[PDB]
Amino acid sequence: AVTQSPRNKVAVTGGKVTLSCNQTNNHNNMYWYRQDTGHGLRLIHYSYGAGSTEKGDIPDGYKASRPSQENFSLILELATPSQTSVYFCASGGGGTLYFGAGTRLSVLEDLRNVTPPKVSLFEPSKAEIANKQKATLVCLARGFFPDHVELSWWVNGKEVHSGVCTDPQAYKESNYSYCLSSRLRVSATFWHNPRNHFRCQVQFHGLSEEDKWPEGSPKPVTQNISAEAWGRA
């Protein structure tokens, strides 16, 4: 009932960014916050009803618009690296805040470093299988920038959550390169069955359609990149 779009965005310094919030709660109040480590959430702009907006605590460099009860937009007319953050919108009736899912925004100096991950699936050790009757598969995503990614595991075409541990934050490998790892652990019997299909998927959020890409190499658009393995006896 509170939906933000886009959920991820890469912008260049000096560019324009608009984040939209659409609510179905029929709440009179709406809010735009950003979240930054050491600051919790800080209110940028808010609105007490359709047709008007109010400056929050840190409004500088942002504008807002409330054209209807349902919609509350945050506008960055001239993006700066300082605006790199996670943005949350919320609606409110009677004091309680109902938050959107969050938007990751990266404002970069140029788009040339944006790059999708290389995804590798490392197969279980035979020693682990022999000694513990368990099989840990490890997925490694390397070489990506910025860090707008989601890693998920798919077993037999269905997303799995039990037996999975993913790094909660991507590791900066070098100045313009991140990595992320994850493990899926299954029983030896499950790994040993030829019917079973295992796939690690990384959703990389990158450039959109309107973005200029002046290279011979592939445009780093939003895309899923995966690696897979089949069970074996």
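All residue numbers refer to positions in the sequence shown, first residue = 1.
Chemist: Regarding 103-111 and 149-157, which shows the higher C-alpha temperature factor on average in the entry?
Modeler: Between 149-157 and 103-111, it is 103-111 that shows the higher mean C-alpha B-factor.
Chemist: Would you mind comparing 20-28 and 212-220 for me and telling me which has the higher average C-alpha temperature factor in the entry?
Modeler: Averaged over C-alpha atoms, the B-factors run higher in 212-220.
Chemist: In this PDB entry, which of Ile75, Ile129, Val119, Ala90 has the top CA B-factor?
Modeler: Out of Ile75, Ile129, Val119, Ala90, the record gives the largest C-alpha B-factor to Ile129.
Chemist: At the C-alpha atoms, which of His197, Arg185, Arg34, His192 reaches the highest B-factor in this entry?
Modeler: Max CA B-factor in the entry, restricted to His197, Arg185, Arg34, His192: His192.
Chemist: Would you check the entry's CA temperature factor for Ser174 and let me know if it's in the chain's lowest, middle or highest third?
Modeler: Highest third of the chain for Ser174's C-alpha B-factor.
Chemist: Would you mind ranking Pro168 by its C-alpha B-factor against the rest of the chain and naming the third, lowest, middle or highest?
Modeler: Highest third.
Chemist: By the recorded C-alpha temperature factor, relative to the other modelled residues in its chain, which third is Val12 in?
Modeler: Highest third.
Chemist: Going by what the PDB entry lists, where does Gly61 fall on CA B-factor within its chain: lowest, middle or highest third?
Modeler: Its C-alpha B-factor, which the entry lists for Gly61, ranks in the middle third among residues of this chain.
Chemist: Mind checking which third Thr136 falls in for C-alpha B-factor across the chain?
Modeler: It falls in the bottom third of the chain.
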